[PDB]
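Peer 1: Got a structure for you, questions after.
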Amino acid sequence: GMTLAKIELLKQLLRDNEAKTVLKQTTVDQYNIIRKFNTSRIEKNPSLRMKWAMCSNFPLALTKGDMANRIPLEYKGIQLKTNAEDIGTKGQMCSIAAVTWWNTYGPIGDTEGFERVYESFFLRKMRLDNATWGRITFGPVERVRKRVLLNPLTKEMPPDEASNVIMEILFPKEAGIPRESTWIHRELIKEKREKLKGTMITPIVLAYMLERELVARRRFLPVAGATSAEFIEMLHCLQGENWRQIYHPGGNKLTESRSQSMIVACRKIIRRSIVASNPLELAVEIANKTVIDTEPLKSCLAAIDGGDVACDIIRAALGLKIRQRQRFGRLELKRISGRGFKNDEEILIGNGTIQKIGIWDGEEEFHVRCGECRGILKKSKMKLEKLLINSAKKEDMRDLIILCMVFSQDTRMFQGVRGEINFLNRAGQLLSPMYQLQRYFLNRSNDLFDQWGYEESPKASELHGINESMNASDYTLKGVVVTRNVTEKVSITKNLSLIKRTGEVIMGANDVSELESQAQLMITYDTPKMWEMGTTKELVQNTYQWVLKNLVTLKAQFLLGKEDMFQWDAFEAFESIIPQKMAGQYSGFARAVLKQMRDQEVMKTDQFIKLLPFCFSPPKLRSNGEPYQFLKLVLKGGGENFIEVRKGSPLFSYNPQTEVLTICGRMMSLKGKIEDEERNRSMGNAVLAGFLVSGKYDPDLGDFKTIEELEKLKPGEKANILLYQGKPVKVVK
Amino acid sequence: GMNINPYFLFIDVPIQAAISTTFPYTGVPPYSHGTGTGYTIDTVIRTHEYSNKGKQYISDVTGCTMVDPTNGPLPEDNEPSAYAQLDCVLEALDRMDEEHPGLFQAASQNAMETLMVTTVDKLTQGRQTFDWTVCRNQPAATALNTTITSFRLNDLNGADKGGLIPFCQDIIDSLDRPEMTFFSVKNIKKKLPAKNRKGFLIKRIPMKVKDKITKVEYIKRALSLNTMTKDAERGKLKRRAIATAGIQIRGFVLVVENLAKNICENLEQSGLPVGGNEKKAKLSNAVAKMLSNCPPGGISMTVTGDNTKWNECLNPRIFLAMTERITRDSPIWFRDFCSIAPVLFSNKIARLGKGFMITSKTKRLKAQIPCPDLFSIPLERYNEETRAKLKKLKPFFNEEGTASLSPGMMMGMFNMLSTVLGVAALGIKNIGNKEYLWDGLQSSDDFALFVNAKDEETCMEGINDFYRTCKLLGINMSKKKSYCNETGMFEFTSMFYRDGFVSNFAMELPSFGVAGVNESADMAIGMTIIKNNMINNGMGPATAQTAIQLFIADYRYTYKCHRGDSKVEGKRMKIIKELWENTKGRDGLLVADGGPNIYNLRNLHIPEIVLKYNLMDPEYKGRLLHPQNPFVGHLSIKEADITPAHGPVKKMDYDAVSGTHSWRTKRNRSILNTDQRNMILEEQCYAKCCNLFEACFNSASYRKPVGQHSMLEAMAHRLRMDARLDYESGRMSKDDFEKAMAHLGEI
Amino acid sequence: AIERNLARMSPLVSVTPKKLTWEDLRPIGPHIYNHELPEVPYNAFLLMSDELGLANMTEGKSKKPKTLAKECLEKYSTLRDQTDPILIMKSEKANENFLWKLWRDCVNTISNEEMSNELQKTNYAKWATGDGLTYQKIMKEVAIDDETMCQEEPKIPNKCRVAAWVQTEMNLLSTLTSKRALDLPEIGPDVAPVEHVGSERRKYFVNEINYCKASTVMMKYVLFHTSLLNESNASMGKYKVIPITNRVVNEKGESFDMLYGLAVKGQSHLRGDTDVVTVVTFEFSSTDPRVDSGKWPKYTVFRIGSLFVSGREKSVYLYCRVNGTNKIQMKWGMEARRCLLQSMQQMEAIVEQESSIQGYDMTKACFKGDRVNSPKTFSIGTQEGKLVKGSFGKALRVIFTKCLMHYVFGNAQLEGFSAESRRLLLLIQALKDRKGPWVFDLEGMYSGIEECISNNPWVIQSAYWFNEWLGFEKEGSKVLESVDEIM
RNA sequence: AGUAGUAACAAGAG
RNA sequence: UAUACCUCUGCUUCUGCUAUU
RNA sequence: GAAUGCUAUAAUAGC
Ligand SMILES: [Mg+2]
């Protein structure tokens, strides 16, 4: 009977004519303005004000209540609280000693349901507690700044949807209009309502505690091969720029996160195996020692029913039933017939801009599925042909059509893009156009249906068409039909191609996606030289480090045998981060320059170190015998992943003053490992192949020659070269 | 002997790699003393010093001395110039619109659709705002309330509709009112009967008297900006002036910024609004592309850039042009709505702060001369510096103690929109089809121009051009602070790039201190700051582990809560030591209860109360987490008259459990001496009305309640139902129900 | 329009760019070398390298600050008793008699058997704490009528020259001691290898600092500024004797209470954060102020006896200074511990960097050296014109010291210098990187740096050290002049 | 005095 | 003037905008 | 094989 007291208090409050007029005039909206009304100025230096205020006699304010009066005025000659009442709480003020007293001899209240209220946090601890710690590793880590989830959620919803759920749990009467959401989480609502039922914690706390484990805390962080929230929460202990810590959390890990990581592992294995002779040899070697979190890759590929080309290639390589089951987020396909050729093309979209997308050629048939609904899809290069489906759920049917329309990459689908569609992220990062178009049309479907066009429904036995509203209609969507009706032993080539028992291929290493991405769970390669599956900068730094480590021998062995120490297992790894279409050309150039340093006496140890790794890929010279000439050697990844031939670069630069070689920001001393003559010995000689310095810039020869103009000379012709700003050199063939 | 030189580290380590050692953030930041009128007047003089060659006229609205540099004579020298050429500002924006097709209308749309949803309470989240009723700064939430209460008296109830637009309509209507009325409390004595000798007691009561002001006096107050000095301004010798704006003009600025934000978010070179890792990512990506795009044989050069007199030079009328050009496709009402904010700023008035203090050393007397009485004393009685300042102020001065200030943005009012005008300069890229190509980044005044050209002599021709291009937008590049080098290393917003943005631990060191919220919070914040630094600011595990120790000391000294087994004497320590002896599970005690610190790298992210809960004594936790403890202040669960001035419970980032250590400090009672006393009653009234409303609607604490109907109407209906259903269910009796319906009947 | 306006604009408007050359980089703040200016005087709150703590071995468990300060003098009674003022140095506008009377009042009050450390408001104590020296507020109406009442000419920081004592501080604060001061509390048990690496790594870093002079000074500065703030609020309207105390542990592992002197705190009705409270410092020292007289113009010194510093009977002086502090400075004093982090991090960066190159934990390697790698050495300082190499542990401590001096001499003069010089440091690093830097108005750049160099000791010494290093780098550059030059 | 440093505090108020 | 060797006060002696959220 | 966009009383950055 709290009702009576409120009505009684309202009559008390309404006797104050100043209060009356506030209640009469101030609207429910304006409550939000008068709630924040205060005298208090915002404390700009709270750190100080606290440090100071803690030296005062009564810095805290109690709430005027029977409990406040259970604190005594003094304890063993300690003034615990004063009679003076705070302006704010309108209750007695007290010393910090009051808290300490209460915590020691205070009344013992009931803490029932506390753990159920603060479950979110207890799980956070349970994960750390039931975790297992591996080894720390010292070496370069390329951290990438990505928008990640900070805290595991019970169930993810938009703040709007999430807010409406909490209302149903805590404040039923003051919920407002019943939304669809109300039904969708009826299990969660009831579950939480039953769990928080017999608690004495303040509803406002319970409200934020649920918000904490329903609303997503998603922020940019520097991560490296760990994205799963239960990893991100520990991110501080997982790695730094120059070290890494293996950590297996507790509780449970999702099959979806297990999947998306399991792909990255396989892609990373294949991307590296490609470069070696007998790729299948290495592919098997690594895959048998690849662990995803605590689970071996082989067990993971066996357990999970899904994953891309790469997963199937490795499955075959290990000897497991290859599942040709694909996923497009909500859509899940299984190929019956066809062969897809992903070619990058410039697509015009409805709003009127040009987006670069990978478009698949060939007629292909798949078993499309979406929840309870099932179907068969037939598509060709940017055209959906035919789509058969079952009549399951009205929304699961509606989604499958939209998903299948987008998946097909139909020119009609791109025409129906009217509104703001972001392919590029706020931080200028790429978002998967096909996966953004999927996400866009799932919300705004009426535009796609109208922009597609209708026709006559089928008049067959069990075939009857459906319209926009998803009802048995006369007009159906152009090539959509509804029905009443719902492997083979492969072998894998050492060069990684899946051949049928006939001879036709189904997959190859050339069919896997080139996009490297952050694994959801932590990938570990239990083989020595795990660095080989690293990033560009990691591989680059680890290679040159290995060159510097063995420089003593490697430099001597070169002055004896020519091509003996070009084939090295480190330089193989290093190849897998070179563009394959320039790998050969670079080796052609590097070897020529290296031999040119040996044979003509004009050595340069910094240059030797820089180029030696590029001398692995079988050489690719021009048609006229002479090697290709270069200013810079671009590598896989960002526009700063390149090695300059004449200058230094963000990956590699040598300071002769200090004799300090810088490799991705890490400094290494070449003191001792350097000849006496080199200091004065020019670089101009080890900059072009079959080109050596004669004198200094000769104005008669004119401006500095380009790579092309240099390549298109005849032996014994002089030329003006610029190594770096303010070092003109005169070089001859 | 042997003479140590700390600069000799830079021989072994490059400056960027050890930049941290160049930031003295263990040291005290510079704070202001006394008046800011000197610093304020300087701005007012300088703003006009850069516009003096422009068109000078008298405002027939305010009567103020207006100066207009726009479309003015181009500069003859490199002294800061405000003489921006409209045509050049437009051309720059047209190129930007061509490079970013539909962006302007795309933003304008979202900015407009937002405004339609935006409520009035939006204005109650802006720190200290200038209140025109009392002509003093006040909390945003109060400054608004005083404007809504005052508007009602002038027959302006647009506020009540709840949307921002109809409230804004009332603000530009209030300028048309011949006189503006507003409440101003006066004290009144009243005899009250008491257990007293004389048999009574006199006590002063507040009484809302209706004050009036003229059309002009009000307009000037609407266009008024209050001025301070910037305290804790790091890495600067001499102080600078800052300005707070009126609740009138705050409304219209929100939309013009919200517009510019939408534009900036979808620009390649915008440093705003992106921040921290998002910004580092964007700039890291931007540098990489503009680096690799450099022509072979050519030279890529990065100009580490800063702009001088950014506020003093940037003109409102140019910002007006920008809104007009950006909203071109928007409906006529929204084109006008945006136009207001720059219009107010082009007629704005700068308040000169406290004034100047005059003293006699012989007599040992001091007196504050208020700004209105600045020219009350002969200028020989002011010091050399101030004399000149006042002489140069003379022709921009208003007798009420204010300064006309038509030119200039004022400190940081249109950051987003200035960033756009900046980017717009970077959008040109080339002039006269010369052998160079510029492209940069812009975050307010701070900019990093990249120039790819054939030789560094050509690069300079490009920079020299960019410089001259900016001069036409009123953007003056700092020749003293700006510097140029070959691309590979640069500085942008105290982020130091050297083949990748380097770690600068020193900058965020101050955040490692005891935050000063309270015990339960400061622990969480304390550990969360370390955790977050280990990630972002590259703090190694040893330094991270030390950063715990150092915190846990500062905490124990600050909250006077040393280990129970320590022999540190103190008032709290006496009971802390008794708790230590009384308690069995001592590892279960929180640090604040003289407990032992159990934090390390791995558990930084767990609440202390949750870490120790398992190994607490039941009696100890039973106290520590008492549901109705008096330190935090919960609900009644009983209904006497429990109505304190409880502010709205916020949603802070730090994760900590609500227990006895989650207390609040007593309010600064300096107010009890001054006549401002009155406001405590006004507060403790609203408090009563809200606190009760929250007892009727529990969801009000969590989510903002919506309705243009009366609070009383809402409360009445709810209680009426509550009573009926309480009766019909059987929670309430007939005798009680009769009383319920009888009492509710009286309303 | 842009083309049209740029076409018609005066050629006088330009960035006027010039390519930077070493020779263009002249020395910053040449006035600091002008011998006509005064030597910058010691203006710190407490003594540092000139400090002298009276050692008093404790039971190990603490007591009241009066009780320890008493028992500390009880041991060194010969000093505590010395009642005859043997004046050596006097501060221009000081009062020998009053200051000595005050010292004696402190010693007596702290030595007595009473609970309180309160001081009677004597004629001397009042002069010392600046009783009623504030001007009287009057009406602007009355103020305007008075012609003799005027706005005062702002007092400016005067220009000073370089002072050896600043160099000598760094040098001595950098050096190792037998004594550990730091009060670093407990940590949770280690589990994750990262924590085991951190913990072991600390043993090298923390100790190297804990066993150096700079540390003790910092800890003293903190622990004082704590009790000073605690009093300032608690005993607002009382003159109070606060002892300058500090706990220290020797290599043998024995706790010693260290009394460095006595301070008196004037009335502290501190409303504003900037509002000042007069603190009068009486500090023990072995330093003869007659040696470097230009260092101590702010100090009044009394010879108060002698002590065995080892086999040597060193005379003990008493440095008396009327000083001042405010809420902010006191607060930032309690947060001076964070000098550890700024110094520690910067080197842990080097250890972690070097660790990635070698592939193991290079912590132990960098300090001492291992089987593979010889110890890390840094260009540390100079010795009759020639560069000197020093330890990783030294290079660490030299930063920790710098970070302490950043606090101790932390004002707006430093902030401005640090920020503006950082701009020139980067222009140098460019020349070093051979990134061919350009400048637009170098003089303007310099003036901004040089206007900050006034009376701050650390700023004046930093300008000397900068100018010194610049000259060394300018020499180093020569090596690069003739590289890939053919000849 | 001193702190400090372009202007203040060295208590303010009934 | 008086109460007043009393009483009250220690960011309220004007602390802004935009981002990291 | 991608996303999910926000919105503190601290601190930093620029004005
Ligand atoms: Mg600037």
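Order-wise, the sequence lines are chains E, U and P. The first sequence begins at 1 in the numbering used here and counts up by one. The second sequence begins at 1001 in the numbering used here and counts up by one. The third sequence begins at 2001 in the numbering used here and counts up by one. Built from N, CA and C at the ideal position, the CB exists for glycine as well.
#1: Quick one: complete beta strand (DSSP E) runs, 3+ long, within the region 636-711 of chain E?
#2: Can you find a CB in chain U that lies within less than 9 Å of the CB of P/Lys2265?
#3: Check the C-beta distance from residue 775 of chain E over to E/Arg212 and give it rounded, since I have them as a contact under 8 Å.
#4: For chain U, is any of its Cβ atoms less than 9 Å away from the one on P/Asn2411?
#5: Going by DSSP, name the residue or residues bridged to residue 1748 of chain U.
#6: I'd like to know whether the C-beta atoms of U/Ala1159 and U/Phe1151 end up nearer to each other than 9 Å.
#7: First and last residue of the alpha helix (DSSP H) that includes E/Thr535?
#8: What do you reckon, is the C-beta of U/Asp1306 under 8 Å from a heavy atom of ligand 1?
#9: Within the continuous beta strand (DSSP E) that includes E/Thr524, where are the two ends?
#10: Return yes when the C-beta of U/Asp1446 is under 8 Å from any heavy atom of ligand 1, and no when it is not.
#11: Indicate the three-state DSSP secondary structure (helix, strand or coil) for P/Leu2259 in the structure shown.
#12: Run down chain P in chain order and give the residues with a C-beta less than 8 Å from the C-beta of E/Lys51.
#13: Whose C-alpha, out of P/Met2115, P/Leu2425 and P/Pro2027, is nearest the C-alpha of P/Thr2067?
#14: With DSSP run on the structure shown, which of helix, strand or coil describes E/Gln92?
#15: Which whole runs of the alpha helix (DSSP H) in the region 167-238 of chain E are 4 residues long or more, in chain order?
#16: Report the neighbours of U/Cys1088 on chain P: residues whose CB is nearer than 7 Å to its CB, in chain order.
#17: Starting from the beta carbon of U/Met1732, find every residue of chain E whose beta carbon is closer than 9 Å, and list them in chain order.
#18: Would you tell me roughly how many angstroms separate the C-alpha atoms of E/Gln438 and E/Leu403, rounded to the nearest one?
#19: Return the chain-ordered list of same chain residues with a C-beta closer than 7 Å to the C-beta of U/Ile1552, the five sequence neighbours on each side being excluded.
#20: Please decide whether P/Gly2476 counts as near chain U, where near means a Cβ-Cβ distance under 9 Å.
#21: Whose Cβ in chain U lies nearer than 8 Å to the Cβ of E/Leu377?
#22: I believe U/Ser1300 touches U/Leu1291 by the beta-carbon criterion, under 8 Å. Please report the beta-carbon distance rounded to the nearest angstrom.
#23: Going residue by residue through the region 375-440 of chain E, where are the continuous alpha helix (DSSP H) segments of at least 4 residues, counting only ones entirely within it?
#24: Let me see if you follow: with CB-CB separation under 9 Å, is P/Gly2359 close to chain E or not?
#25: Is the beta carbon of P/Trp2332 within less than 8 Å of some heavy atom of ligand 1?
#26: Which residues does DSSP pair with U/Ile1165 in a beta bridge?
Peer 2: According to the structure shown:
#1: Within the region 636-711 of chain E, the complete beta strand (DSSP E) runs of at least 3 residues are 642-644, 652-655, 660-663, 666-669 and 692-695.
#2: Cβ-Cβ to chain U under 9 Å: no for P/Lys2265.
#3: This structure cannot speak to residue 775 of chain E, because chain E is shown only from 1 to 733.
#4: At least one C-beta of chain U is nearer than 9 Å to the C-beta of P/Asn2411.
#5: The requested residue 1748 of chain U is not part of the displayed model; chain U covers only 1001 to 1747.
#6: Taking a C-beta distance under 9 Å as the contact criterion, U/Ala1159 and U/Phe1151 qualify as a contact pair.
#7: First-last for E/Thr535: undefined, no H or E at that position.
#8: Taking non-hydrogen atoms of ligand 1 into account, the C-beta of U/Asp1306 is found less than 8 Å away from one of them.
#9: Run containing E/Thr524: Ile523 to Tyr525, per the beta strand (DSSP E) assignment.
#10: Between ligand 1 and U/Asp1446, a heavy atom-to-CB distance of less than 8 Å is present.
#11: DSSP places P/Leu2259 in strand when its eight states are reduced to three.
#12: Those are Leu2229, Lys2331 and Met2334, listed as they occur along chain P.
#13: Taking only the C-alpha atoms, the option nearest P/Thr2067 is P/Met2115.
#14: Three-state DSSP puts E/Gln92 in a strand.
#15: With a minimum length of 4 residues, the continuous alpha helix (DSSP H) runs that stay inside the region 167-238 of chain E are 180-184, 186-195, 203-212, 229-232 and 235-238.
#16: In chain order: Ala2001, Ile2002 and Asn2005.
#17: Within chain E, the residues whose beta carbon sits less than 9 Å from that of U/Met1732 are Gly1, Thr3 and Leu4, listed in sequence order.
#18: C-alpha separation (whole angstroms): 6 Å.
#19: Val1591 and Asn1597, listed in sequence order.
#20: P/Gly2476 counts as touching chain U.
#21: Residues of chain U whose Cβ lies closer than 8 Å to the Cβ of E/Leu377 do not exist; the shortest such Cβ separation is about 34 Å.
#22: Contact between U/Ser1300 and U/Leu1291 holds: CB atoms are separated by about 6 Å, below the 8 Å threshold.
#23: Counting whole runs of 4 or more residues, the region 375-440 of chain E contains the alpha helix (DSSP H) stretches 394-408 and 411-415.
#24: With its beta carbon less than 9 Å from one in chain E, P/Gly2359 belongs to the interface.
#25: In this structure, the C-beta of P/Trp2332 stays at least 8 Å away from each heavy atom of ligand 1.
#26: The secondary-structure analysis by DSSP pairs U/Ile1165 with nothing; it has no beta-bridge partner.
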